[PDB]
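[1] Pasting an experimental structure with its sequence.
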Amino acid sequence: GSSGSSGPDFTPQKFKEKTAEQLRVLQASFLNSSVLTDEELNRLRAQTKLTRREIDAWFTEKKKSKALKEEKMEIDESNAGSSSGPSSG
């Protein structure tokens, strides 16, 4: 018939342990793109030196954090800039 079991089924597990270095990254990324992509995922996989599952899982939970009515926000829209460049002859 069939081999047999070939090992049990993988079990879930939370990841509540990160280093300021790793976080400083994930946080700096997740912000720009709340949703993780196959691309961004890789980059972080090397930066945070963590697993693809860990990173992704993190980005998710984070979202929830936002759900909470964050403190007063700043309406002041990011200021813009300009440039010049005269001529002569």
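    Happy to help now that I have it. Numbers count the residues shown, from 1 in each chain.

[2] ok, and the closest non-adjacent residue to the most centrally placed residue in the chain?
    Residue closest to the average C-alpha location in the chain (C-alpha atoms, centre = their mean): residue 30, at 2.9 Å. By the measure of C-beta to C-beta, 6 or more residues apart in numbering, the closest residue to residue 30 outside its immediate chain neighbours is residue 59, 4.8 Å from it. Every C-beta, even on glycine, is put in place using the N, C-alpha and C of the backbone.

[3] got the buried residues for the host helix or strand of the residue nearest to the centre of the chain?
    For residue 30, the host element (DSSP states H and E) is helix 20-32. By neighbour count on 16 or more other C-beta atoms under 10 Å, the buried set for helix 20-32 is 22, 25, 26, 29, 30.

[4] Identify, from those, the entry nearest to residue 87.
    The closest of these to residue 87 turns out to be residue 29 (C-beta to C-beta; 43.1 Å).

[5] Cross-check the contact I'm expecting between the closest one and residue 42.
    No. Using C-beta atoms under 8 Å, residue 29 is not in contact with residue 42; the gap is 11.6 Å.

[6] Show me whatever sits in contact with both of these two.
    Residues touching both residue 29 and residue 42 (C-beta atoms under 8 Å, 6 or more residues apart in numbering): none.

[7] ok, back up a step: who touches the helix holding residue 30?
    With C-beta under 8 Å, 6+ apart, helix 20-32 has contacts from 18, 36, 40, 43-44, 47-50, 55, 58-59, 62.

[8] among these, which two are most distant?
    49 and 62 (18.8 Å).

[9] Compare these two and say which is more crowded by neighbours.
    Each of residue 49 and residue 62 has its neighbours counted (other C-beta atoms under 10 Å); residue 62 has more, 14 against 11.
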